[PDB]
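One chain is shown next in structure tokens, namely the form deposited without the DNA.
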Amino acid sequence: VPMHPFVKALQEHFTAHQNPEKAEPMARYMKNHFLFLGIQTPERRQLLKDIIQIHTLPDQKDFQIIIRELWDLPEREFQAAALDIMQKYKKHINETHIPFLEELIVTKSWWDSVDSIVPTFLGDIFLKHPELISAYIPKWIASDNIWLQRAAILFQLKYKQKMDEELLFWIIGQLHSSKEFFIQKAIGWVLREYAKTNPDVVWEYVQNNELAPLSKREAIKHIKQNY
């Protein structure tokens, strides 16, 4: 459906290199929500490299149209490549793009797209503008969209000594009772990651606060050997 020359070049090049054999197990691993061309990350990045160097990288003022057109293509590689492209415009992404990122988060949703938007792009935005947290995180948690909820839990994933323990546990406190696999796993993930910096605090939270068994188990798996 796309006019942008760059997206058209990319689509032609990727489609030329599809592998129906490599596609089948890729699509299975994503529970068949998406068609795949069958191009693994390294080749995908290389094929994107080719098109970028051939075409040169588009003006940063196009970045949104490029990503949106890619996001509308049926094959999952196009959304993976759209986030690789987004990374090439990192320095031009700022607080004004949070609504654009929310859109990506709730469109063609799955952990593979959401996990590449949240801890990196949104993580850095809220580190720079932590005053905008109140305008988003409570709204996302209240949404009943599990991907926005997952976004609230993971935006701090890579914060290390910058982690706001108070907000983190407040978030996890609102979401612990969720039936949702992707919420339970995200909770366990951020707890295990945070435990790399502050294990004792994670251990005490997990030992004294309600969690789903999946979340608890995922949280302590690399630190249980210490207590």
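We number the residues from 1 along the sequence you see. Between two forms, the rigid core is the largest collection of C-alphas that superpose within 1.5 Å.
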### Message
Fitting on the rigid core only, I'd like to know which of the two stretches, 159-167 or 49-57, ends up farther away in Cα terms in 4 other deposited structures of this protein.
### Response
49-57
## Note on the structure
Top-deviation stretch by C-alpha RMS in 4 other deposited structures of this protein (rigid core reference), from 185-193, 23-31, is 23-31
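There is also a form deposited with the DNA bound; it is not shown, and the following applies to it.
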### Summary
Note: exactly one of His176, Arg45, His55, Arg68 sits with a heavy atom within 4.5 Å of the DNA in the entry with it bound, namely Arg45
### Query
Closest heavy atom of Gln40 to the DNA in the entry with it bound, within 4.5 Å or not?
yes
### Message
Taking any heavy atom pair closer than or equal to 4.5 Å as contact, tell me whether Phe100 reaches the DNA in the entry with it bound.
### Response
no
### Task
Check whether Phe169 has any heavy atom within 4.5 Å of a heavy atom of the DNA in the entry with it bound, and answer yes or no.
no
### Query
Heavy atoms within 4.5 Å of the DNA in the entry with it bound: does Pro213 have any?
yes
### Task
Just one of 47-55, 197-205, 161-169, 183-191 has residues with a heavy atom within 4.5 Å of the DNA in the entry with it bound, so point it out.
183-191
### Query
Does the trio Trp111, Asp115 and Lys224 actually contact the DNA in the entry with it bound, every residue with a heavy atom within 4.5 Å?
yes
### Query
From first to last in sequence, which residues of 123-149 have any non-hydrogen atom within 4.5 angstroms of the DNA in the entry with it bound?
none
